[PDB]
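run_20.pdb (PDB, C-alpha atoms) appears below.
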```
MODEL        1
ATOM      1  CA  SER E   1     250.271  75.356 129.399
ATOM      2  CA  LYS E   2     251.872  73.713 126.339
ATOM      3  CA  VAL E   3     254.150  70.699 125.899
ATOM      4  CA  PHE E   4     256.390  70.378 122.837
ATOM      5  CA  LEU E   5     257.473  66.972 121.507
ATOM      6  CA  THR E   6     260.481  67.337 119.193
ATOM      7  CA  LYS E   7     261.210  64.228 117.137
ATOM      8  CA  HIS E   8     264.855  63.196 117.021
ATOM      9  CA  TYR E   9     266.744  63.124 113.733
ATOM     10  CA  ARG E  10     266.429  59.672 112.119
ATOM     11  CA  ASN E  11     265.172  58.312 115.472
ATOM     12  CA  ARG E  12     268.726  58.329 116.813
ATOM     13  CA  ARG E  13     269.543  57.865 120.483
ATOM     14  CA  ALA E  14     270.891  60.692 122.626
ATOM     15  CA  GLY E  15     274.127  58.763 123.180
ATOM     16  CA  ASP E  16     274.833  58.673 119.448
ATOM     17  CA  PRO E  17     278.039  60.579 118.572
ATOM     18  CA  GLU E  18     276.117  62.479 115.854
ATOM     19  CA  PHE E  19     272.850  63.503 117.521
ATOM     20  CA  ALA E  20     270.382  66.057 116.182
ATOM     21  CA  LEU E  21     266.768  67.181 116.480
ATOM     22  CA  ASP E  22     264.081  67.468 113.802
ATOM     23  CA  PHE E  23     262.239  70.769 114.221
ATOM     24  CA  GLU E  24     259.980  70.166 111.204
ATOM     25  CA  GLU E  25     257.990  67.632 113.284
ATOM     26  CA  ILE E  26     256.834  69.230 116.551
ATOM     27  CA  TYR E  27     253.581  68.302 118.304
ATOM     28  CA  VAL E  28     252.075  70.771 120.775
ATOM     29  CA  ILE E  29     249.677  69.737 123.548
ATOM     30  CA  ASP E  30     247.209  72.444 124.555
ATOM     31  CA  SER E  31     245.710  72.436 128.044
ATOM     32  CA  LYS E  32     242.771  74.824 127.549
ATOM     33  CA  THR E  33     241.295  73.060 124.498
ATOM     34  CA  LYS E  34     242.441  69.471 125.243
ATOM     35  CA  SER E  35     243.889  69.381 121.723
ATOM     36  CA  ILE E  36     247.089  67.941 120.258
ATOM     37  CA  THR E  37     248.111  69.447 116.909
ATOM     38  CA  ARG E  38     251.203  69.983 114.767
ATOM     39  CA  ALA E  39     253.500  73.008 114.633
ATOM     40  CA  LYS E  40     253.408  75.079 111.429
ATOM     41  CA  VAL E  41     257.162  75.595 111.338
ATOM     42  CA  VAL E  42     258.675  78.116 108.918
ATOM     43  CA  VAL E  43     262.119  76.926 107.811
ATOM     44  CA  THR E  44     264.046  80.029 106.688
ATOM     45  CA  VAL E  45     267.690  79.013 106.246
ATOM     46  CA  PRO E  46     269.816  78.665 103.084
ATOM     47  CA  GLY E  47     270.868  75.120 102.289
ATOM     48  CA  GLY E  48     267.649  73.155 102.005
ATOM     49  CA  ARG E  49     267.725  69.482 102.926
ATOM     50  CA  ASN E  50     271.407  69.134 101.989
ATOM     51  CA  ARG E  51     272.315  71.480 104.856
ATOM     52  CA  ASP E  52     273.409  69.577 107.954
ATOM     53  CA  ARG E  53     270.934  69.943 110.827
ATOM     54  CA  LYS E  54     273.584  70.904 113.379
ATOM     55  CA  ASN E  55     273.411  74.713 112.961
ATOM     56  CA  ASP E  56     269.776  75.579 113.693
ATOM     57  CA  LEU E  57     267.733  77.492 116.253
ATOM     58  CA  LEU E  58     263.958  77.238 116.708
ATOM     59  CA  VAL E  59     262.557  80.603 117.824
ATOM     60  CA  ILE E  60     259.124  80.389 119.471
ATOM     61  CA  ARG E  61     256.997  83.526 119.837
ATOM     62  CA  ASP E  62     253.363  84.651 120.084
ATOM     63  CA  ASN E  63     252.393  82.395 123.008
ATOM     64  CA  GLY E  64     253.774  79.236 121.421
ATOM     65  CA  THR E  65     252.117  79.747 118.030
ATOM     66  CA  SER E  66     254.980  81.014 115.822
ATOM     67  CA  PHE E  67     257.899  78.752 114.886
ATOM     68  CA  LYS E  68     260.936  79.800 112.844
ATOM     69  CA  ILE E  69     264.145  77.872 112.147
ATOM     70  CA  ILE E  70     267.157  80.177 111.800
ATOM     71  CA  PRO E  71     270.915  79.555 111.965
ATOM     72  CA  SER E  72     272.678  79.920 115.304
ATOM     73  CA  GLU E  73     274.882  82.754 113.998
ATOM     74  CA  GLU E  74     272.107  85.359 113.593
ATOM     75  CA  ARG E  75     270.577  84.753 117.027
ATOM     76  CA  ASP E  76     269.518  87.612 119.303
ATOM     77  CA  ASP E  77     270.768  88.066 122.851
ATOM     78  CA  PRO E  78     268.022  88.181 125.518
ATOM     79  CA  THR E  79     268.572  91.868 126.279
ATOM     80  CA  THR E  80     268.051  92.715 122.598
ATOM     81  CA  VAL E  81     264.603  91.125 122.319
ATOM     82  CA  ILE E  82     263.632  92.406 125.779
ATOM     83  CA  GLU E  83     264.509  95.957 124.724
ATOM     84  CA  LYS E  84     262.729  95.493 121.385
ATOM     85  CA  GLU E  85     259.450  94.425 122.987
ATOM     86  CA  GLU E  86     259.708  97.097 125.689
ATOM     87  CA  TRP E  87     260.380  99.797 123.084
ATOM     88  CA  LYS E  88     257.429  98.717 120.939
ATOM     89  CA  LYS E  89     255.023  98.631 123.892
ATOM     90  CA  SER E  90     256.285 101.967 125.232
ATOM     91  CA  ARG E  91     255.897 103.656 121.847
ATOM     92  CA  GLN E  92     252.359 102.309 121.480
ATOM     93  CA  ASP E  93     251.466 103.578 124.959
ATOM     94  CA  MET E  94     253.048 106.980 124.283
ATOM     95  CA  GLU E  95     251.138 107.427 121.023
ATOM     96  CA  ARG E  96     247.948 106.545 122.868
ATOM     97  CA  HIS E  97     248.498 109.130 125.558
ATOM     98  CA  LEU E  98     249.295 111.873 123.162
ATOM     99  CA  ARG E  99     246.541 111.100 120.675
ATOM    100  CA  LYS E 100     244.050 112.746 123.071
ATOM    101  CA  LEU E 101     245.514 116.250 122.609
ATOM    102  CA  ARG E 102     244.226 118.879 120.194
ATOM    103  CA  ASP E 103     247.730 119.611 118.852
ATOM    104  CA  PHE E 104     247.959 116.141 117.291
ATOM    105  CA  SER E 105     248.121 115.480 113.532
ATOM    106  CA  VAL E 106     250.271 118.621 113.265
ATOM    107  CA  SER E 107     253.112 117.267 115.409
ATOM    108  CA  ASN E 108     256.291 115.266 114.840
ATOM    109  CA  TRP E 109     257.761 112.285 116.698
ATOM    110  CA  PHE E 110     261.431 113.073 117.299
TER     111      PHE E 110
ATOM    112  CA  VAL I   1     230.295 105.846 122.814
ATOM    113  CA  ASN I   2     226.847 106.276 124.544
ATOM    114  CA  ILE I   3     224.696 105.326 127.568
ATOM    115  CA  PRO I   4     221.187 103.890 127.047
ATOM    116  CA  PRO I   5     219.040 104.668 130.124
ATOM    117  CA  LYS I   6     219.849 108.365 130.438
ATOM    118  CA  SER I   7     221.947 110.267 127.951
ATOM    119  CA  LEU I   8     221.745 113.975 127.458
ATOM    120  CA  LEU I   9     223.415 114.756 124.167
ATOM    121  CA  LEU I  10     224.590 118.340 123.993
ATOM    122  CA  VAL I  11     225.748 118.214 120.382
ATOM    123  CA  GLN I  12     224.144 118.326 116.961
ATOM    124  CA  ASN I  13     224.618 116.193 113.845
ATOM    125  CA  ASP I  14     227.502 117.083 111.506
ATOM    126  CA  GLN I  15     229.120 119.314 114.138
ATOM    127  CA  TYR I  16     232.887 119.818 114.255
ATOM    128  CA  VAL I  17     234.173 119.360 117.810
ATOM    129  CA  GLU I  18     237.648 119.456 119.318
ATOM    130  CA  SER I  19     239.211 117.114 121.856
ATOM    131  CA  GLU I  20     238.362 117.071 125.588
ATOM    132  CA  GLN I  21     234.960 118.706 125.017
ATOM    133  CA  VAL I  22     231.864 117.641 126.950
ATOM    134  CA  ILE I  23     229.578 115.816 124.508
ATOM    135  CA  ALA I  24     226.977 114.064 126.680
ATOM    136  CA  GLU I  25     226.084 113.665 130.285
ATOM    137  CA  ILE I  26     225.429 110.261 131.741
ATOM    138  CA  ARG I  27     223.021 112.259 133.894
ATOM    139  CA  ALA I  28     224.022 110.197 136.854
ATOM    140  CA  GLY I  29     220.981 108.094 136.104
ATOM    141  CA  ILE I  30     221.402 106.376 139.442
ATOM    142  CA  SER I  31     219.019 108.211 141.747
ATOM    143  CA  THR I  32     220.370 110.895 144.045
ATOM    144  CA  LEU I  33     219.527 110.737 147.728
ATOM    145  CA  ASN I  34     216.120 112.343 148.089
ATOM    146  CA  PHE I  35     216.939 115.186 150.442
ATOM    147  CA  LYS I  36     215.234 117.985 148.584
ATOM    148  CA  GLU I  37     216.082 121.416 149.892
ATOM    149  CA  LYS I  38     214.234 124.351 148.380
ATOM    150  CA  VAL I  39     216.072 127.653 148.402
ATOM    151  CA  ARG I  40     214.906 131.143 147.548
ATOM    152  CA  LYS I  41     217.191 133.274 145.401
ATOM    153  CA  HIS I  42     216.240 136.914 144.828
ATOM    154  CA  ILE I  43     216.769 138.824 141.580
ATOM    155  CA  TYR I  44     217.982 142.391 142.131
ATOM    156  CA  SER I  45     217.215 145.166 139.657
ATOM    157  CA  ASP I  46     220.343 146.672 138.118
ATOM    158  CA  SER I  47     218.746 149.975 137.046
ATOM    159  CA  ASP I  48     215.762 152.091 138.050
ATOM    160  CA  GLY I  49     212.455 152.184 136.223
ATOM    161  CA  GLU I  50     208.892 150.907 135.981
TER     162      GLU I  50
ENDMDL
END
```
Whole structure, structure tokens version:
Amino acid sequence: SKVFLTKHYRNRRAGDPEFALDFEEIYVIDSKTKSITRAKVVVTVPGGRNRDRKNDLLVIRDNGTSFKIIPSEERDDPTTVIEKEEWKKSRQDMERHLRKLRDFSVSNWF
Amino acid sequence: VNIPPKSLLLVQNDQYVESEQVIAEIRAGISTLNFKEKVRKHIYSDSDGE
């Protein structure tokens, strides 16, 4: 559905001993709207431009619409995010089911 | 919520209602099969008199 084009750092070749990727320049290609736009990346990492671009991690969420650059030390294991999303959806569904009872608004969620 | 062709609203304006209470009836606007059967129920007097 979407194709991401990540520009290399300083247009270096893959065989270069110091290779990197530039996440600030990513072009998405939509298939439903026949459009090719840019990615509104949100760089949240201490260091600025002086920080070497070898410790980074682009996290993509919300159906390929949210981009965040974070260091590779604070990453999340797959089970963690799976459990997070499952817990959020399950809590939303549980609050929906219970909202239709007369004893609501006087209850507590333990 | 409401249904346009046939809605029978059993409630009044500014009326406090609780959950799972019947508010309207769709009235099953779709026509029922026309097999009309007419039956005769008899009222029985409970006490004696005129």
### Task
Please return, as a ChimeraX atom specification, all residues of chain I lying within 9 Å of chain E when only C-alpha atoms are considered.
/I:18-20
Let me know the residues the PyMOL selection byres ((chain E and resi 54) around 9) catches in the file above, as a JSON list (two decimals) with C-alpha atoms, in the coordinates of the input.
```
[["chain", "number", "residue", "atom", "x", "y", "z"],
["E", 19, "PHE", "CA", 272.85, 63.50, 117.52],
["E", 20, "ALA", "CA", 270.38, 66.06, 116.18],
["E", 21, "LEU", "CA", 266.77, 67.18, 116.48],
["E", 51, "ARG", "CA", 272.32, 71.48, 104.86],
["E", 52, "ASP", "CA", 273.41, 69.58, 107.95],
["E", 53, "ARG", "CA", 270.93, 69.94, 110.83],
["E", 55, "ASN", "CA", 273.41, 74.71, 112.96],
["E", 56, "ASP", "CA", 269.78, 75.58, 113.69]]
```
### Query
Can you tell me, as a list in words, what residues are no more than 9 Å from stretch 32-46 of chain E when counting all atoms listed in the file, ignoring any on the same chain fewer than 4 positions away?
residues 1, 23, 24, 25, 26, 27, 28, 51, 56, 58, 65, 66, 67, 68, 69, 70 and 71 of chain E
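Of the residues under consideration (E:59, E:8, E:3, E:49), E:59 shows the shortest atom-to-atom contact distance to residue E:75 when counting only C-alpha atoms.
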### Task
Report the distance between atom CA of residue I:5 and atom CA of residue I:27 in Å, rounded to one decimal place.
9.4 Å
What are the centre and edge lengths in Å, to one decimal, of the axis-aligned box around all listed atoms of stretch 8-20 of chain I with 4 Å added on each side, as lines of an AutoDock Vina configuration file?
```
center_x = 230.5
center_y = 116.9
center_z = 119.5
size_x = 25.5
size_y = 13.8
size_z = 24.0
```
### Query
Please, what distance in Å, to one decimal, runs between atom CA of residue E:93 and atom CA of residue E:110?
15.8 Å
#### Entry: Point-to-point distance from atom CA of residue I:11 to atom CA of residue I:24, Å rounded to tenths
7.6 Å
